[PDB]
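J.: sequence-free structure coming up:
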């Protein structure tokens, strides 16, 4: 593969609390256009959660996490982060970071089909 993604962080967190997930990109990183977190909650389809356009830092969220999660990047260190603030039970899921080197319009930024490279999947478990 020409890009590799490795996640770190995750695990247990109390409701209302915060955790930060990280994703380190390696390989052909200058060409990455979006870094985007997906998740797959228990017994659900995978869904796009938070997308970041690398050129500008603009961000796009699924409705259920708006006002709670923040995605950010560190271009120099080829990192993306998901700040899971204000966590809720509905957030328990496998979180997986995706990346693409092919620009797509914003309306496709949360679609699975837009991404070519994937991290390993990281469990986050919220307690009430």
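T.: Okay, I see it. Numbering: from 1, shown residues only.
J.: contacting residues around the residue nearest in space to the middle of the chain?
T.: The centroid of the chain falls nearest to residue 37 when counting by C-alpha atoms, centre = their mean (1.7 Å). Applying C-beta atoms under 8 Å, 6 or more residues apart in numbering, we find residue 37 in contact with 21, 23, 48-51, 69, 71, 80, 82, 95-98. For every residue, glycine as well, the C-beta is placed using N, CA and C.
J.: and if we set it to 10 Å?
T.: Residue 37 is in contact with 7, 21, 23, 47-52, 61-62, 65, 69, 71, 80-82, 84, 95-98, 110, 119, 122, counting by C-beta atoms under 10 Å, 6 or more residues apart in numbering.
J.: check the secondary structure at it for me.
T.: When classified by DSSP: H, G, I helix; E, B strand; the rest coil, residue 37 comes out as strand.
J.: show me where the chain has its strands.
T.: Taking DSSP state E as the criterion, the chain carries its strands at 3-8, 11-14, 19-27, 34-40, 47-53, 59-61, 69-74, 79-84, 93-100, 117-118, 122-127.
J.: for these, which one sits closest to residue 106?
T.: strand 59-61 (6.2 Å; C-beta to C-beta).
J.: so what secondary structure elements neighbour that closest one?
T.: strand 34-40, strand 47-53, strand 69-74 (3 or more C-beta pairs under 10 Å, 6 or more residues apart in numbering; DSSP states H and E).
J.: go again with 8 Å.
T.: Judged by 3 or more C-beta pairs under 8 Å, 6 or more residues apart in numbering; DSSP states H and E, the packing partners of strand 59-61 are strand 47-53, strand 69-74.
J.: just say which of those strands is most tucked in.
T.: Most buried of the helices and strands packed on strand 59-61, by mean neighbour count (mean count of other C-beta atoms under 10 Å): strand 47-53, with a mean of 22.
J.: specify the angle between that strand and strand 79-84 in degrees.
T.: Counting by axes from the mean of the first three to the mean of the last three C-alpha atoms, to 10 degrees, strand 47-53 lies at 130 degrees to strand 79-84.
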